[PDB]
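S.K.: I'd like to ask you about the structure that follows.
For neighbour counting, all protein chains shown are included, and Cβ atoms are generated from backbone atoms with ideal geometry for every residue, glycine included. What follows is calculated from the coordinates using simple rules that are stated; it is not laboratory data.
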Amino acid sequence: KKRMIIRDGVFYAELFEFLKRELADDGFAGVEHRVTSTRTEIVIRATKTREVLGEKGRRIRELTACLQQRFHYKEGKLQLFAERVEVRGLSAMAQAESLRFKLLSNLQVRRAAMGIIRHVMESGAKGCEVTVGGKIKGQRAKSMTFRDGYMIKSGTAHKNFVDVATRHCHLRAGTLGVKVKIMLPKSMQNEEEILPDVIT
Amino acid sequence: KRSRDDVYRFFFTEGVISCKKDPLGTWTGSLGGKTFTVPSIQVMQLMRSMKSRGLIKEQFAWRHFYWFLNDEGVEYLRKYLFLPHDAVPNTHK
Amino acid sequence: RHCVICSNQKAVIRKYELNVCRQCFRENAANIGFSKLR
Amino acid sequence: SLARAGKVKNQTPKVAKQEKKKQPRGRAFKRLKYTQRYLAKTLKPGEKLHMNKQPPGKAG
RNA sequence: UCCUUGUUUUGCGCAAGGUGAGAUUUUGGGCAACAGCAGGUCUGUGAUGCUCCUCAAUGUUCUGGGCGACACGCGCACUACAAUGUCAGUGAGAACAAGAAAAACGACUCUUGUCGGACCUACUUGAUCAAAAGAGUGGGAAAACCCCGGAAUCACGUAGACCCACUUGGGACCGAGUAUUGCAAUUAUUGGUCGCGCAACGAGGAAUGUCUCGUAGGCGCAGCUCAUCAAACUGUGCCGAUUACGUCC
RNA sequence: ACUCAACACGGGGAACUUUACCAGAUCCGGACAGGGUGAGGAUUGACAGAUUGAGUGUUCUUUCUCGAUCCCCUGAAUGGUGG
């Protein structure tokens, strides 16, 4: 229906926002959910799945419980799982979090960003970009670019390949902005718009 | 107020707590099934008072509040009741 | 009317197709499944 | 304005300094520095070691 | 692509015609590099530095009332209605359109785990006597909603009426009545009656705007906002040209 | 906001609400008791009377209903459509 799709949008929004704030620096990619008929799997994409669960088991049932108490869900209609994402490099948001941590620790912008770039471009990524605007001086609102490999912004097709993350760091004097992109070496449309090949 | 009594119970054997931020009353719970009737404002006040003592941990999304009860919070709560317990979060599972 | 994802009630409320996402603008607050292609 | 002189030096706070123990003198003084900066360190200044450093606070 | 076997020194290509639904960035949109601006936004935010308001708080209030809308007839920006004979002005009848909107309240009733009321439209009473407007039955979560789609531009000589006038062309002021909406109306209401029209204005100085095709122009409908009102904004459809297809002043 | 990248623009067709602003009253949100008042407290709730636009229970009197959270002093604080 009209309303179904909208309400699904709402549910995803609320869920995604709750996690992406309050559970962070675990290499959080995001979440994905699907129905199994009167139950919803709701897998949680993280690099480190141990913090998601908890070693006391409190975390996973807290996050189930918060959802239940809001939406009037009950057990056996709701569930939460963990999923191991290998290569934190290929997750925009995950790299974003680790970078944010470096900056809040009061480490150098250059050194920090170079860490992200090294990590990403090792796993075979086409390109990456780290655009950190904000304070680093005063008195500017200076913007620093770091650009690596190659990246496309052409078409609407680019949006599917390239996942993006924007986050904030909060420091003395005020806000510092952070952004990470990362063009994946593996398509999510299974499509390219360049290089006609010849099979010999 | 005698109102606050009901909410002092609401902490216990309900795990994580949830509220909506509103200036106008509405029942915070749903999951616990206790069905206390309390205005939201009062609930919020108590949540905040013992957040300031480090007992409770706050987390927030959009306009909603979700309050988790720490190890410390559990300990305190058990003493304030008198009633010893095997720790609120870990009992449920 | 009034809004449920702010309490501002000003800076304009969408109530089209039973949703509010214009007291927090939808360009910033996406993942409702909408896209622009045309 | 012929007179408004001394405006700033009226208003400012006076701690009126703070007590301190006597310092080494003669060779003893020169000793004191040569130990601090050039020994118990991996570096000699240079600007590589900074002789005075201060804590943070406020930034603009 | 072919062809003109033209133009093409060979190339990159160009023009006309042809096949053809369609002749070149196929057509219309959408996205878009680098360098930036002391552009706008701290009344979008749980996005924020500091330092102001922090209780005769100014913060804050389902609190009450008022403002943002005022009127020397003052300037500017944008909009809409006209001065009519190329809907032309009051009357009647015919044929005929397309996206899109809609529903669900812990409120009642229902049971061993729970159903119908805030959306529309149909039909009939609303004329043994108006409009506005009352109410009952009936269906829909939409390719179901009664033909899913209709009345404006248009057509019409039915031998309609007016007829070259500031009128019977236009409305804007102004008074009286009533019903509808709402937590509350103080022309809020306005799809309504019926006064004033013989109040303006006759295509309107200088100046200046933007479009080469199903476009311009003309016309209507829905969505949007939401106690209630659209000359606004957004989208769909209908009627549908003149000139140019060149140059760089 | 003010040549253009102002001026049917701030999805801004605002009457009470929205509200910055004005005319007045109110709340604790001032939480946090570490320095004080438990019973009978500065209190929660309250008919009448009064207060005042507001029989409104804020307030004050009467008398009743009282948890001792509300209340007292500092520090601390949070909230804001303020720049």
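S.K.: Show the residues, 5+ positions off or on another chain, whose built amide H is closer than 5 Å to the amide H of residue A:148.
M.R.: The answer is A:128.
S.K.: Say the dipole of the stretch A:65-168 comes from +1 at the beta carbon of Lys and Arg and -1 at that of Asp and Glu; which of A:116, A:95, A:134 then lies farthest toward its positive end?
M.R.: Selected residue: A:134.
S.K.: Quote the FRET efficiency, to the nearest 0.05, computed for residue B:30 versus residue B:5 with a Förster distance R0 of 25 Å and r equal to the Cβ-Cβ distance.
M.R.: On the way: r = 20 Å, r/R0 = 0.80.
With a Förster radius of 25 Å, E is 0.80.
S.K.: With only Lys, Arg, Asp and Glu charged, each at its Cβ (+1 for the first two, -1 for the last two), find how big the charge dipole of the protein assembly as shown is about the Cα centre; round to the nearest 20 debye.
M.R.: Values: 80 positive and 36 negative charges, 677 e Å.
Result for the protein assembly as shown is approximately 3260 debye, rounded to the nearest 20.
S.K.: In debye, nearest 20: dipole of chain A around its Cα centre with unit charges on the Cβ of K, R (+) and D, E (-)? Working shown, then result.
M.R.: Numbers: 38 positive and 23 negative charges, 186 e Å.
Dipole size: approximately 900 debye.
S.K.: Using only the Cα atoms of chain B, what do you get for the radius of gyration and for Dmax, in Å?
M.R.: 12.6, 36
S.K.: If one puts a single equal scatterer on every Cα of the protein assembly as shown and applies the Debye formula without solvent, what log₁₀ I(q)/I(0) results at q = 0.06, 0.09 Å⁻¹?
M.R.: Debye intensities relative to I(0), on a log10 scale: -0.40, -0.78.
S.K.: Turning to a different aspect of this structure: Might you report the magnitude of the Cβ-based charge dipole of the stretch A:87-200 about its Cα centre, with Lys and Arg at +1 and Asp and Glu at -1, to the nearest 20 debye? Present the calculation step by step, with values, prior to reporting the outcome.
M.R.: On the way: 19 positive and 9 negative charges, 202 e Å.
With only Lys, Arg, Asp and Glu charged at Cβ, the dipole is about 980 debye.
S.K.: Could I ask something else about it? Using C-alpha positions alone, give me the convex hull volume of the stretch A:6-67 per residue in cubic angstrom.
M.R.: Values: hull volume 5.7 nm³, N = 62.
So the per-residue hull volume is 91 Å³.
S.K.: Could I ask something else about it? Which one, A:45, A:167, A:70, has the greatest fluctuation when you compute a Gaussian network model over chain A with C-alpha springs under 10 angstrom?
M.R.: Residue with maximal mean-square fluctuation among A:45, A:167, A:70: A:70.
S.K.: A further question on this structure: Run through all the Cα pairs of the stretch A:13-155 and give the fraction in each 5 Å bin from 0, expressed as whole percent.
M.R.: P(r) over the stretch A:13-155, rounded to whole percents: 2, 8, 15, 18, 15, 14, 10, 8, 7, 2, 0, 0.
S.K.: With everything on Cα atoms, drop me the angle between helix D:27-36 and the longest principal axis of chain D, reported from 0 to 90° to the nearest 10.
M.R.: The angle comes out near 80 degrees.
S.K.: Right, next: Using only Cα atoms, tell me the angle between helix A:58-71 and the longest principal axis of chain A; keep it within 0 to 90° and round to the nearest 10.
M.R.: With rounding to tens, the tilt is 70 degrees.
S.K.: Percent relative contact order of the stretch B:1-61, based on C-alpha pairs within less than 8 angstrom and at least six residues apart?
M.R.: 28 percent
S.K.: Tell me the volume per residue, in Å³, of the convex hull enclosing the alpha carbons of the stretch A:31-82. Walk me through the numbers before you get to the answer.
M.R.: Numbers: hull volume 3.7 nm³, N = 52.
Normalising the Cα hull of the stretch A:31-82 by residue number yields 70 Å³.
S.K.: What does the helix-only formula give at 222 nm for the protein assembly as shown: each DSSP H stretch with n ≥ 4 adding -39500 (n - 2.57), the total divided by the residues, and the result rounded to the nearest 500 deg cm²/dmol? Can you show the working numbers first?
M.R.: On the way: 12 runs with 119 residues, N = 391.
Rounded to the nearest 500, the figure is -9000 deg cm²/dmol.
S.K.: Using the basic label-point model (7 angstrom from Cα toward the beta carbon), what is the residue B:48 to residue B:72 distance in nanometres?
M.R.: 2.0 nm
S.K.: Suppose a student asked you for the relative contact order of chain A, using Cα pairs under 8 Å spaced at least 6 residues apart; what percent would you report? It would help to have the intermediate numbers written out before the result.
M.R.: Details: 291 pairs, mean separation 33.2, N = 200.
So the answer I get is 17 percent.
S.K.: Apply the a/c threshold of 1.5 to the C-alpha gyration tensor of chain D and tell me whether it is rounded, prolate or oblate.
M.R.: Values: a/c = 3.01, a/b = 1.86, b/c = 1.62.
Verdict is prolate for chain D.
S.K.: List the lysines whose alpha-carbon lies under 19 Å from that of residue A:74, not counting same-chain residues fewer than 8 positions away?
M.R.: B:34, B:93
S.K.: Near the amide H of residue A:134, under 5 Å away, which other amide H atoms are found, from residues 5 or more places off or on another chain, if H is placed in the peptide plane?
M.R.: A:142, A:177
S.K.: Using a basic spin-label model with each label point 7 Å from the Cα along Cα→Cβ, how many nm lie between residue A:6 and residue A:87?
M.R.: Here the answer is 4.0 nm between the modelled labels.
S.K.: Quick check: Cα centre of the stretch A:65-142 to Cα centre of the stretch B:54-93, how many Å?
M.R.: Computed from Cα coordinates, the inter-centre distance equals 29 Å.
S.K.: Taking the C-alpha atoms of the stretch A:76-200, how large are the radius of gyration and the largest Cα-Cα span, Dmax, in Å?
M.R.: That works out to 17.2, 61 Å for Rg and Dmax.
S.K.: Nearest 10 degrees, 0 to 90: what angle lies between the long axis of helix A:92-104 and the longest principal axis of chain A (Cα atoms)?
M.R.: The answer is roughly 70 degrees.
S.K.: Work through the residues other than residue A:127 whose Cβ is under 14 Å from its Cβ and net out their charges, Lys, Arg +1 and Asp, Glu -1. Don't skip to the answer; put the middle values down first.
M.R.: Values: positive: A:118, A:126, A:147, A:153, A:181, A:186; negative: A:122, A:129, A:148, A:163.
That works out to +2.
S.K.: So, one more: Between D:26, A:6, A:76, whose Cα lies farthest towards the positive end of the dipole of the protein assembly as shown when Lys and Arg beta carbons carry +1 and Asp and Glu beta carbons carry -1, centred on the Cα centre?
M.R.: It is D:26, whose Cα lies furthest towards the positive end.
S.K.: Given chain A, what percent of its DSSP beta bridges are antiparallel, to the nearest 5? Write out the running numbers ahead of the final one.
M.R.: Working: 22 of 26 bridges.
In chain A, approximately 85 percent of DSSP beta bridges are antiparallel ones.
S.K.: Additional query: How high is the FRET efficiency from residue C:1 to residue A:198, r the C-beta distance, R0 41 Å, rounded to 0.05?
M.R.: Values: r = 62 Å, r/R0 = 1.52.
Calculated value: 0.05.
S.K.: Just want the answer: with Cβ charges of +1 for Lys and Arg and -1 for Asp and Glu, which residue in D:59, D:46, D:1 is farthest toward the dipole's positive end in chain D?
M.R.: D:46
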